[PDB]
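Undergrad: The structure follows.
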Amino acid sequence: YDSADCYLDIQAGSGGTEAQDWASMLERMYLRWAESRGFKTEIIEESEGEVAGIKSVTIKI
RNA sequence: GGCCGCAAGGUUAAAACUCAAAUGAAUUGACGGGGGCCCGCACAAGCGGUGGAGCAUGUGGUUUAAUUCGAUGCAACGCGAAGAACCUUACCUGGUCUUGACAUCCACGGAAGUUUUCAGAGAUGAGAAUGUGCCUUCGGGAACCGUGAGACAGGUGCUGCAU
RNA sequence: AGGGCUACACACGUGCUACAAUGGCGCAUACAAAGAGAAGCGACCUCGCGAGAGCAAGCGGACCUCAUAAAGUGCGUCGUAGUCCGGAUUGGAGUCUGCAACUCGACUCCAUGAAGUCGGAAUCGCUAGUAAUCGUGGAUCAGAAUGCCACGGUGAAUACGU
RNA sequence: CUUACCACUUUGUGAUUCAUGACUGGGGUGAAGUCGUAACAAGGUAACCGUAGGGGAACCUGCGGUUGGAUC
RNA sequence: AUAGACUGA
RNA sequence: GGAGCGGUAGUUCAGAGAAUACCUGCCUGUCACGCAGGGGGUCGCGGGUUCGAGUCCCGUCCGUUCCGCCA
Ligand SMILES: [Mg+2]
Ligand SMILES: [Mg+2]
Ligand SMILES: [Mg+2]
Ligand SMILES: [Mg+2]
Ligand SMILES: [Mg+2]
Ligand SMILES: [Mg+2]
Ligand SMILES: [Mg+2]
Ligand SMILES: [Mg+2]
Ligand SMILES: [Mg+2]
Ligand SMILES: [Mg+2]
Ligand SMILES: [Mg+2]
Ligand SMILES: [Mg+2]
Ligand SMILES: [Mg+2]
Ligand SMILES: [Mg+2]
Ligand SMILES: [Mg+2]
Ligand SMILES: [Mg+2]
Ligand SMILES: [Mg+2]
Ligand SMILES: [Mg+2]
Ligand SMILES: [Mg+2]
Ligand SMILES: [Mg+2]
Ligand SMILES: [Mg+2]
Ligand SMILES: [Mg+2]
């Protein structure tokens with residue numbers, strides 16, 4: 001699968017809302033890194049956090 | 001498990017495991033959709049605005065080689081900035097330098113300086129002339145430019161949760 | 001050295017100008033305060049429709065310059081229309097600083113003439129020379145204010161009360 | 001030789017105790033999850049006790065009792 | 001008359 | 001296998017609309033709730049009639065039903 005398209009799943013953990021914000025900060029830099037490499041970005045699913053951030057994101061790169 | 005009861009259940013009554021506390025009275029604050037008494041353009045009475053339009057300016061976001069850094073409820077957002085074409089500039093691209101742009105200090109060479117060409121976007125580099133002066137134990141040098149050290153310079157680099 | 005901080009599918013904050021008749025425009029005519037000026041303030045005269053240009057006094061200033069204040073008053077006109085409102089945007093031609101206004105300054109002249117007809121939820125300031133409104137000056141600064149700081153002109157309404 | 005006593009051993013049925021057993025009831029710990037906000041102020045329907053019923057859940061309601069309830 | 005909730009150094 | 005019903009906003013339902021949902025701006029110290037302004041599907045898929053089709057007709061996937069028996 002070295003040349004296969006990758007699918008990234010980011011789920012928040014310990015930290016609650018702050019963890020969700022950290023997850024949102026984590027996915028943003030992954031998307032920007034993929035854009036810099038030229039890879040296509042596709043938001044498969046994102047379950048927005050209750051207060052801030054997103055609990056879980058699945059993005060196809 | 002035993003006894004009692006139609007039943008609901010009552011009475012007697014543990015163990016494993018887990019924690020370093022649980023708890024009572026009182027004290028100082030803080031808070032209450034508790035009480036009482038007051039103050040402020042805080043409401044109430046008025047006047048004029050913003051939110052709709054265009055433009056100026058700042059910020060978040062996006063973009064970008066860079067879109068420099070900081071300020072984020074009131075108490076950030078015409079804020080640091082009482083003023084970015086160059087400079088400022090701390091950012092990016094490219095061309096360059098490496099005791100250095102900026103300081104002390106050692107030794108050596110030179111006055112310092114003032115003008116002309118020269119190739120480069122410029123930094124810089126190659127020259128060419130001009131003067132080569134002043135205090136002066138006339139013995140010195142003093143200043144100001146270069147060379148070679150190497151102790152050092154340098155940072156708008158991080159932490160305002162060390163100050 | 002050049003470029004960027006001025007980038008632009010958007011959102012927010014603070015302001016300026018308007019949506020006009022308590023007004024636009026043309027003519028005439030009164031009343032202020034405060035402040036700065038020597039690599040600076042710049043008179044008078046001449047030229048340019050204009051921004052400004054040439055020449056050249058005065059002043060280190062209660063002396064000279066910046067420097068006609070506007071709102072106001074009189075007359076005329078416009079006559080309720082996106083208009084003789086509004087001046088965004090754009091084309092052309094210029095002036096000034098500065099080595100150099102392409103990115104990216106200010107201003108002038110001709111031309112064009114956008115939205116905007118009083119703004120939803122919501123929200124702000126003000127108790128007297130205050131609010132509202134009108135001009136003037138200064139710091140920064142070679143050039144670059146609708147921002148900041150200060151100066152005066154007209155000048156209200158309302159407060160039963162907690 | 002025989003009788004009596006009697007150990008080993010055999011049968012049936014109970015008791016007690018240990019280990020284990022598909023499944024199942026509650027209990028204790030969570031540096032983060034979902035649903036509410038029941039208690040602490042008069043906690044926003046005063047709280048609690050016994051009892052009965054009801055409800056995802058903390059809990060709600062009826063009857064009696066207490067102050068270990070504020071304002072008045 | 002209505003009015004809920006603030007994880008973890 | 002036979003006889004009917006359907007298939008439409010992300011979902012559930014009407015015939016291109018409603019509720020929920022989703023943005024944006026408010027309120028709030030922040031979220032929720034609440035207020036205000038918006039957008040969102042071209043009718044499961046194909047053909048044919050029709051000047052004209054989500055609609056009418058046929059075929060096809062797709063789910064829903066009832067029946068499929070007597071020796
Ligand atoms: Mg028992
Ligand atoms: Mg009021
Ligand atoms: Mg506006
Ligand atoms: Mg910034
Ligand atoms: Mg810093
Ligand atoms: Mg620059
Ligand atoms: Mg430079
Ligand atoms: Mg501190
Ligand atoms: Mg800037
Ligand atoms: Mg500009
Ligand atoms: Mg003076
Ligand atoms: Mg006009
Ligand atoms: Mg219009
Ligand atoms: Mg007062
Ligand atoms: Mg000035
Ligand atoms: Mg200036
Ligand atoms: Mg005034
Ligand atoms: Mg409660
Ligand atoms: Mg209660
Ligand atoms: Mg009940
Ligand atoms: Mg009694
Ligand atoms: Mg909750």
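Cβ coordinates were reconstructed from backbone atoms using ideal geometry, including for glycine residues, and neighbour counts include every protein chain displayed. Values in this text are rule-based calculations from the coordinates and carry no lab data.
Undergrad: Starting from the 7 Å offset along Cα-to-Cβ, what nm value, one decimal, do you get for the label separation of A:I43 and A:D9?
TA: Modelled inter-label distance: 2.0 nm.
Undergrad: I've got another one for you. Would you mind checking which residues have amide H under 5 Å from A:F39's amide H? H placed 1.01 Å from N; only 5 or more apart, or other chain.
TA: none
Undergrad: In addition: Once the convex hull of the alpha carbons of chain A is built, what does its volume come to per residue, in cubic angstrom?
TA: 74
Undergrad: Tabulate in residue order the Karplus-calculated ³J(HN,Hα) for the range A:16-21, using 6.51 cos²θ - 1.76 cosθ + 1.60 with θ = phi - 60°, rounded to whole Hz; enter x for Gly and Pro.
TA: x, 4, 4, 4, 4, 4
Undergrad: Next up: Mind checking chain A for GluC sites (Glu not before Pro) that DSSP puts in a loop (not H, G, I, E or B) and that have at most 14 other Cβ atoms within 10 Å?
TA: Within chain A, the qualifying GluC sites (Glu not before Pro) (loop, at most 14 other Cβ atoms within 10 Å) are A:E50.
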